[PDB]
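**Q** enclosed are the sequence and the experimentally obtained structure.
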Number of protein chains: 2
Amino acid sequence: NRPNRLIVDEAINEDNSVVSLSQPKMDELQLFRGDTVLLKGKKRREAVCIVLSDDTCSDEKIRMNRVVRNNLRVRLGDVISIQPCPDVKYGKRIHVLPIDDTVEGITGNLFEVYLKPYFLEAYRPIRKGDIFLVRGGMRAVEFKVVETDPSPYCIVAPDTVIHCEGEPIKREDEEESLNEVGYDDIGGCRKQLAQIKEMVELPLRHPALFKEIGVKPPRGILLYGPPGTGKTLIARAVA
Amino acid sequence: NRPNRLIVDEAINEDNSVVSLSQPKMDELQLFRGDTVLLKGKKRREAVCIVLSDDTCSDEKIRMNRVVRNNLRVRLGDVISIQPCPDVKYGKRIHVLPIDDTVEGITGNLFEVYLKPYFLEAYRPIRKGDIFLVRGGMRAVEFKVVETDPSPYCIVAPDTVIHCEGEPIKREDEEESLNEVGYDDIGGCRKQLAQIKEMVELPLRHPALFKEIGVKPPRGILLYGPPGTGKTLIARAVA
Ligand SMILES: Nc1ncnc2c1ncn2[C@@H]1O[C@H](COP(=O)(O)OP(=O)(O)O)[C@@H](O)[C@H]1O
Ligand SMILES: Nc1ncnc2c1ncn2[C@@H]1O[C@H](COP(=O)(O)OP(=O)(O)O)[C@@H](O)[C@H]1O
């Protein structure tokens, strides 16, 4: 049962963090316009996002973004649990610790120039254990904290200060590189990606379905197009 | 800051040693028509050149010649320091010492026939540590002194005499052969060399720019043209 699950669907808006809901959905969770949504992944982790209310763009579909796909290990064709958090929390102390994995070629203070004139009039909520990208320096670096104030109680506020230690921590292989090519990196092909989406996720996302049924699974797929259309890119993304 | 640097630009005049300036440039350095310009390279070396004043040929660009490119280890896309030297010095004693590296096939006295009827009405200034070429004998030989009067105080005057010792000095590998093919050895191709000039000096003259930006650098360049147009010559020069 549990009439509150939302199936993951493809996103069409190239925005940062906006989730579209339906008119009946506000009355079920008594959620306001701008609230803090709490999501449960696996391995005891949580994620925070920003919900948007609209009755013109979407009808009964969610718009789940890649910024939280790797933060919950949730892919296409998976269920998730939604729960409002109307509690008011204002962060005042945060911890920052860069990892010695992608700091090559970067010198000086980068926080005071990339994080200060970007978070104003945004009020973006953050949580311990989130991987977010920034647009600066003709590239995109990541961030990950390992020890900070107990979650949540993390709100970007001007009262926070900066600090440095000089002792980086060693990264682990538990998580994957979010910088790799995804489903948001292919554009201009709606009808062509749809066929791949409706033939690849059956024998891969649900392998157990095919040992029990006698239906012939597709074994070989041929790609066409002039050189450079992105045949390799699509194959890299769908895998 | 330092509003006195001059960016190295391509030269169009096939002259020997002439530098073109602008009208405001004379009033900043209070330099006369014919003066002795002092240039600072690296590894504690100096160079001397002759400046020309003109307000019709160039507007705000320098014409830096290859005769002083190898004497200061300065290439395209580099900064230099300019400084006038209004001091009057007249040389009366110079030292000459040929190196046993390119004297093969040359017999007899070559100075009295190549240097005497060439420096009259020229007043070309010279300095200890300069590599200059001469036009004589269907070739071009070089010269380099290792011990002479303290720099500068070197002016070509008729009062100087000649001398010989017979003990050549061994050359070193610190400097390169100026006789190799350069940017002044290709003519008749203005638009074609411009594209190479605006695609090769980014990832070579400034390698550190590309480890920090995500811009795709050009990896392969294809050359065209009938046999003998100089495809090898251009590649040899740009490297
Ligand atoms: N539709 C597309 N969307 C985004 N990038 C594309 C697209 N088509 C081609 N590219 C770019 O082309 C690059 C290489 O082309 P690719 O598709 O990998 O080779 P091929 O076209 O032979 O499969 C990719 O890195 C990608 O950035
Ligand atoms: N534009 C040019 N300027 C000066 N020399 C040239 C030019 N084009 C051809 N040459 C002469 O042709 C010689 C050999 O031609 P090269 O270009 O090296 O062979 P290819 O044309 O097969 O690359 C060069 O050493 C050079 O003297």
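**A** Received it, and whenever you're ready, just let me know what you need. Numbers count the residues shown, from 1 in each chain, chains lettered A, B, ... in the order given. Ligands and ions are numbered 1, 2, ... in the order given.
**Q** wait, is residue A:84 part of a helix?
**A** No - under DSSP: H, G, I helix; E, B strand; the rest coil, residue A:84 falls outside any helix and is assigned strand.
**Q** and the residue of chain A that's closest to ligand 1?
**A** residue A:230 (2.9 Å; Cβ to the nearest ligand atom). C-beta coordinates here come from the backbone N, C-alpha and C atoms, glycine included.
**Q** excluding its backbone neighbours, what's nearest residue A:217?
**A** In this structure, residue A:217 finds its nearest non-sequential neighbour in residue A:203, 4.7 Å apart by Cβ to Cβ, 6 or more residues apart in numbering or on different chains.
**Q** what of residue A:224?
**A** Residue A:224's closest residue in space is residue A:231 (Cβ to Cβ, 6+ apart), at 7.8 Å.
**Q** that neighbour and residue A:225 touch, don't they?
**A** Yes - here residue A:231 reaches residue A:225: they are 5.9 Å apart, a contact under Cβ atoms under 8 Å.
**Q** and these two? which has more neighbours close in?
**A** residue A:231 (14 against 11; other Cβ atoms under 10 Å in any protein chain shown).
**Q** residues touching the more buried one, list them.
**A** Under the criterion of Cβ atoms under 8 Å, 6 or more residues apart in numbering or on different chains, the neighbours of residue A:231 are A:223, A:224, A:225.
**Q** and the gap between it and ligand 2?
**A** 36 Å (Cβ to the nearest ligand atom, to the nearest Å).
**Q** ok, that residue to chain B distance?
**A** 19 Å (Cβ to the nearest Cβ, to the nearest Å).
**Q** repeat that for residue A:202.
**A** Counting by Cβ to the nearest Cβ, the separation of residue A:202 from chain B is 36 Å.
**Q** can you check residue A:153 too?
**A** Taking Cβ to the nearest Cβ, one finds residue A:153 at 35 Å from chain B.
**Q** residue contacts, that residue?
**A** Applying Cβ under 8 Å, 6+ apart, we find residue A:153 in contact with A:89, A:91.
**Q** make sure I have this right: it is in a helix.
**A** No - secondary structure of residue A:153 (three-state DSSP): coil, not part of a helix.
**Q** and it, how close does it get to residue B:152?
**A** Here the criterion is Cβ to Cβ, to the nearest Å. By it, residue A:153 lies 72 Å from residue B:152.
**Q** quick one on the thing from earlier: what's the closest non-adjacent residue to the residue of chain A closest to ligand 1?
**A** Nearest to residue A:230 is residue A:186, by Cβ to Cβ, 6+ apart, at 6.4 Å.
**Q** in chain A, what residue comes closest to ligand 2?
**A** Closest point on chain A to ligand 2, by Cβ to the nearest ligand atom, is residue A:227, at 28.4 Å.
**Q** so how many other residues sit close to that residue?
**A** Residue A:227, neighbours per other Cβ under 10 Å, totals 5.
**Q** part of a strand, is it?
**A** No - counting by three-state DSSP, residue A:227 is not found in a strand; it is coil.
**Q** quick check: longest strand of chain A.
**A** The residue-count maximum for a strand in chain A (DSSP state E) belongs to strand A:46-52.
**Q** partner strands of that one and their direction?
**A** strand A:19-20 (parallel), strand A:36-40 (antiparallel) (DSSP bridges).
**Q** got the contact list for it?
**A** A:17-21, A:31, A:34-41, A:65, A:68, A:71-72, A:124-127, A:129-130, A:151-152.
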